[PDB]
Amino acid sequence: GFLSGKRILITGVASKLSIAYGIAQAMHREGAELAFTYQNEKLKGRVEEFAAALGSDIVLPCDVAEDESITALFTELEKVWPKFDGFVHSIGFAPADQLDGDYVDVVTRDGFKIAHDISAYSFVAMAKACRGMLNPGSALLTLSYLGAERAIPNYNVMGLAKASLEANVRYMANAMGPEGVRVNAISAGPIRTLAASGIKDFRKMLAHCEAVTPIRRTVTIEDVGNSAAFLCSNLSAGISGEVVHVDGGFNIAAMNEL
């Protein structure tokens, strides 16, 4: 596999639906050794099961809201992985009220702070915490959405948070590049996940994208998985600070329904 010899930490595996689940399956297929985080105790058991089906018993708590939890993650991981080769940030949150209605009516200071803190800051927070553990040739990866570039109904403040996160990719790639670390994002098209369900009229976005995307289907966690595996491998040694659209080309289409 093109990840033979790599040790990648994967965040954000909530279920078999999760983008991060797809990424893990592809990275295991390509020979990566994997470790896994879980947000809270409620999620531990399922992530342990998913971890074990991929030959891993490295499963550790991380609530990215808490600096101590991020430090503890890497404190505990260092004991099995003194050094490793990067991680997948597949984590977003905003209060539910932020994702239904007029952006300006519905956005709040606290909704804004949480969305950016959890979806944007958490990525560089994780990087600070493991910086000295990363081998030369390491790769970090986050997940963004066209909401960052365009005004999308109901996505609302998550658009601002993804725009922040995509700038984070750039500032992180620029800072960590010299010492041999690449940083990228996948801008993924719509996929049915627990989190997707939190966006008002998600199913309308999903249907619309299926119709007008050049490849004429919604992308799968397999498609994202393979792209993510590639971006965290030495195959992508020439790419850093990049937001790669894995949306079937939806972002480049205009006026297809009239």
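Residue indices: 1-based, along the sequence shown.
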item	value
Between the two ranges 39 to 47 and 186 to 194, the one averaging a larger CA B factor in the entry	39 to 47
Comparing 117 to 125 with 77 to 85, the one whose average Cα B-factor in the PDB entry is higher	77 to 85
Third assignment of residue 108 from its chain's C-alpha B-factors	middle
Where the record places residue 15 (Cα B-factor, split into thirds across the chain)	middle
Chain-relative CA temperature factor third for residue 176	lowest
Entry-reported Cα temperature factor of residue 205, expressed as the chain third it lands in	highest
Chain third (lowest, middle, highest) by recorded CA B-factor, residue given as residue 218	highest
